[PDB]
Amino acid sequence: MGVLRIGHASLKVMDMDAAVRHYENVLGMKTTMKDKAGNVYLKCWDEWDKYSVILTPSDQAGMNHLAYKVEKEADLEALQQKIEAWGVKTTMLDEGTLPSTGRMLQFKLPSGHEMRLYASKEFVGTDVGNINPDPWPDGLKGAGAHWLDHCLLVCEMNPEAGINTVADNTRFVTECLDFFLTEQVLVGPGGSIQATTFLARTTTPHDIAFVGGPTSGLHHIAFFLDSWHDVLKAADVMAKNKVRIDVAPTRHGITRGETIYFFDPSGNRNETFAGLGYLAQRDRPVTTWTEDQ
């Protein structure tokens, strides 16, 4: 029972035309629907649900909410009961609040971000199928992102004021959503302050992550690639589409994943990383990174 994986992220964009072509031409996503409010829904080729990204028209960048898929409908009532006993108010959005999406349990993380849990989303299948499928589809565009892999949230952190929502988010998703901690970055005196945490429900190194910051916001959303080669191909695609790159291709010590950071036309940061890195396991020791490194 419980959370399976990240379900979708809803992003604020200023230019919908430029944002849609970015996630299509650079990341290889396909648009699956547009609602009557102007929001655009896209999915990756190796995903089988209706969408993993929502672009909403806005006057600014940022994130609206973050959604995670749970195993079955009855998990929503159980998780809801755990969350409110912890002290977080929840509410249940009924099915149809978002198109092609079932009912959703809505609540705010301690850091202030809105998080949703759903059990039901429309099945459309992957672009390769499931009866004698090919390993990859033809006509793939751009980097050919497999799936939306995880999301790193900037969480308000003021050690002098006694505020560390990275720690509070980390406790919340572990005790209420049964995530387990895989890696952490420790700062402060003797590493007594959690500045970055990576947590998992799958056996990939992280499905959610929190990094400290002056205010709560969105650091980036990330997309999975197969190999070190596909990262290089992704860098070539970004060069052809004139994409503003943040960090050049380099292996992250975290996740052991080789990654590229770049932006969409509205300023939201995106990551294409390759490789599993390691098998995340509930009995695996937490990889600790110290501030001096």
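In case it trips you up, residue 1 is the first one in the sequence shown, and so on.
Per the PDB record, of the two stretches 16-24 and 280-288, 16-24 carries the greater mean B-factor over its C-alpha atoms. Remark: stretch with higher mean C-alpha B factor among 94-102 and 156-164 is 156-164. Ranking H150, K121, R116, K141 by Cα temperature factor from the entry places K141 first. Residues shown: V237, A67, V53, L225. Highest C-alpha temperature factor in the entry: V237. Residue-level temperature factors show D59 in the highest third of its chain, judged at the C-alpha atom. Annotation for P214: C-alpha temperature factor in the highest third relative to the rest of the modelled chain, per the entry.
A85 sits in the highest third of its chain by CA B factor, as recorded in the PDB entry. In the PDB entry, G191 places in the middle third of its chain by CA B-factor. Split the chain's modelled residues into thirds by C-alpha temperature factor. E47 is in the lowest one.
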